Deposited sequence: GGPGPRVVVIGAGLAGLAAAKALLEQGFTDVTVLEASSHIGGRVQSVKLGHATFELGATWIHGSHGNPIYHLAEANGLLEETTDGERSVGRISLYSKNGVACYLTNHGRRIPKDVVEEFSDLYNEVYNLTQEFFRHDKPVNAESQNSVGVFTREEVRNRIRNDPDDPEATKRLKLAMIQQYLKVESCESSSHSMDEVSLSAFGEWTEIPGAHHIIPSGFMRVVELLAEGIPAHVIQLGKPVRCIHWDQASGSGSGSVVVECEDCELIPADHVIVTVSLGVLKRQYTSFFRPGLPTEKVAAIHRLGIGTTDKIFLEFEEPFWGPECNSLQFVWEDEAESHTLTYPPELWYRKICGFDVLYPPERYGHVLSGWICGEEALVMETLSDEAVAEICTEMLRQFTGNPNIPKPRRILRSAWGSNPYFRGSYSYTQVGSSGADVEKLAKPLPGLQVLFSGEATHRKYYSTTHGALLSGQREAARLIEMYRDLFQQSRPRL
């Protein structure tokens, strides 16, 4: 028949791998997808004539980005100030916000010269914040009331950083000569029609029989003495294979590696799985009848005055809501309506995922009332939100550079099992583009290219 290839997962990596193989005339290819849908951590949701992204939101980069090339080639591409509010209703002055912002940028840049690896990243933030904290307290020409606001903004800024995959994702943005945090102009693009359109363009080539939806794998049996690999599905089907490409998230690997592989994985790969970090990042959309936020406001930034002294990382499960750093006003209102877009990251995101919509909605409304100083804000007409952490096909949003891991661990995760029987793909297997759509895509093409090369050589031999 030619090589039997099972691709596990139909996110960007799985589809990229399958397309690349089929493009090379690989006849005997099957994709097994656990969920009812393709796209994985690309999940687009339509409400009215407007799309909301629950997963991947922006295309990072331009020329060279193969997902930018897709979006651009099929024509899928194309205000105010941020409003800092205290938990006692009062708004923080332009001056105070600008002063803090300037101090932080000065210290963060001076510090990043001082200290490019995963452990050394952490040190920048830790010592930045200590140095910023010292200068605020030490500044003799500041009233004590204002010092307590600025010190609380350290905790606010820390919540903003929490959602980032690296320091390098936070090295895109720099501070403007007029106190605003300006991103590089052509860096981040949205797809108004939805990010799923890219998934569908990628899947277009692939025949319909290849992709098996609602078909999760239970175990990969490799090193067999017919196919020397056997894929065991949850519905108990035994699929013989020559090669397998695993694209499931690092979070799936962390929870299932002991059962998922027979025999067990080599111990350096198991160590890599443990050492590498995957974070839970969820999106919360709050659609209101009309805007209670001022027209100058791009966003509503939450500075809790009682967090001046805290060096907190994780909140208790009652204070999960305190992990939200603020809400962005979606523009334009005509496309999206009056919708606030929020992010929550880490253990507090898993706590949010357990709550019902009416509960999450209520707590966000309570927050917004307290911060705005208007207690009359109605409950939002609609709410939309993700649950990547508790979903057993994801168990996380994206891989990040954890203190006590390295680029060495990604190479170890990405390394194939002997005879290329089992190949490792997915965002977390990409050395430099991990936690992105293009990393996911390129990782799929890498493992495909590996089998492609193996059988160009068995044509060049034979």
Unmodelled intervals of the deposited chain, in order: 1-2, 81-97, 135-139, 250-253, 491-494
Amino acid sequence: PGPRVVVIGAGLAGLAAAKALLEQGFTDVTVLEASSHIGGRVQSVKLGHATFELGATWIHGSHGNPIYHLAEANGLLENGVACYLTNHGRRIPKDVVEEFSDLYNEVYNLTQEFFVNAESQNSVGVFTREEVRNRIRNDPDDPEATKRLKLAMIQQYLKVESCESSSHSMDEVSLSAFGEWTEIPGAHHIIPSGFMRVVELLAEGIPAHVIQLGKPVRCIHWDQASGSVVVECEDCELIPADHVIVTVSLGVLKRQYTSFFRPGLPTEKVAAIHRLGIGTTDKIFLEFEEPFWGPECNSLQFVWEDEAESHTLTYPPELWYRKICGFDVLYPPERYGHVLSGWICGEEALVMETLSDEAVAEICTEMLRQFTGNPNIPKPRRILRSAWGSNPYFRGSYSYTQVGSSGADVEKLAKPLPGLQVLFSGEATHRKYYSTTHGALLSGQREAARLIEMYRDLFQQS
From here on, numbers count along this sequence of modelled residues.
374-382 or 194-202, whichever carries the higher mean Cα B-factor: 374-382
Stretch with the greater mean C-alpha B-factor as recorded in the entry, comparing 7-15 against 446-454: 446-454
Selection by C-alpha B-factor (highest) of 113, 348, 232, 242: 113
Out of 280, 117, 247, 256, highest CA B-factor residue: 117
Chain-relative CA temperature factor third for residue 218: lowest
Residue 36 - Cα temperature factor, lowest/middle/highest third of chain: middle
Lowest, middle or highest third - CA B-factor, residue 276: lowest
Lowest, middle or highest third - CA B-factor, residue 342: middle
Entry-reported Cα temperature factor of residue 329, expressed as the chain third it lands in: middle
